[PDB]
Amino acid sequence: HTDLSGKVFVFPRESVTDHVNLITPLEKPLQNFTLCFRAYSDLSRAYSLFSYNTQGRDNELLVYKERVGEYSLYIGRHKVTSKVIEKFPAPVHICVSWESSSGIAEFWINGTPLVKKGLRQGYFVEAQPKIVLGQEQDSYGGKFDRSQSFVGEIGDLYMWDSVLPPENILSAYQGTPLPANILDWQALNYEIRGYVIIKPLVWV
């Protein structure tokens, strides 16, 4: 694994091929999770931030930016959407959690909680995923779409198999995240495919 503290992936151009694969040994279906990361893009079209597909299942867990001020989460191909006041262009810190028992999904944008939504109560997110940054998967690992590609910078990505309490979400926003057991930016296993460059983070 590699410690990417203080660094970002730069997806420096639009394409249907540039991407990063994130590797996790996740074998157990997820009942709960929290996912946090920081991103900086000047795209105004929609784009995928985090794409997690499993065999036979598109949009099994997907974080997708619809337009300025509007974020969607998909769980098992069902979607919820939440709104927020934001500037454009601007760096953003995004957390999202989901809890099967209640179905509640919660976005936090720059440490501010969005209105809670709910979906897929009782569902388990399937395991053995392919996880992709920079492109949105329609297949198990592929079938990308140029108009959903992420162009810009991503970093500080963590994913936990629990629902973090607010204090721990704020800690992540402030730059001291709890160590994470699904994905952890400070101990990350990844594969760059195509034109993706690792650079220091200069915009926090």
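So that there is no doubt, residue numbering starts at 1 and follows the sequence shown.
Entry-level comparison of average CA B-factors, 72 to 80 and 124 to 132, reporting the higher stretch: If you average the C-alpha B-factors of 72 to 80 and of 124 to 132, the larger mean comes out for 124 to 132.
- request: Mind pulling up the entry and telling me whether 26 to 34 or 53 to 61 has the higher mean Cα temperature factor?
  value: Looking at the record's C-alpha B-factors, the answer is 26 to 34.
query: Whose CA atom has the top B-factor in the entry, of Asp156, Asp161, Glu153, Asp42?
result: Highest C-alpha B-factor among the listed options: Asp161.
message: Can you tell me whether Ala187 has a C-alpha B-factor in the lowest, middle or highest third compared with the other modelled residues of the same chain?
response: It belongs to the middle third of the chain when residues are ordered by C-alpha B-factor.
query: Compared with the other modelled residues in the chain, in which third is the CA B-factor of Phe88?
result: Within its chain, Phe88 is a highest-third residue by C-alpha B-factor, going by the deposited values.
- prompt: Compared with the other modelled residues in the chain, in which third is the CA B-factor of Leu201?
  reply: Tercile = middle for this residue's CA B-factor.
- prompt: Lowest, middle or highest third: where is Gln137 by C-alpha B factor in its chain?
  reply: Answer is middle: the recorded C-alpha B-factor places it there.
Among modelled residues of the same chain, the CA temperature factor third for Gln174: Its C-alpha B-factor belongs to the highest third of this chain's values.
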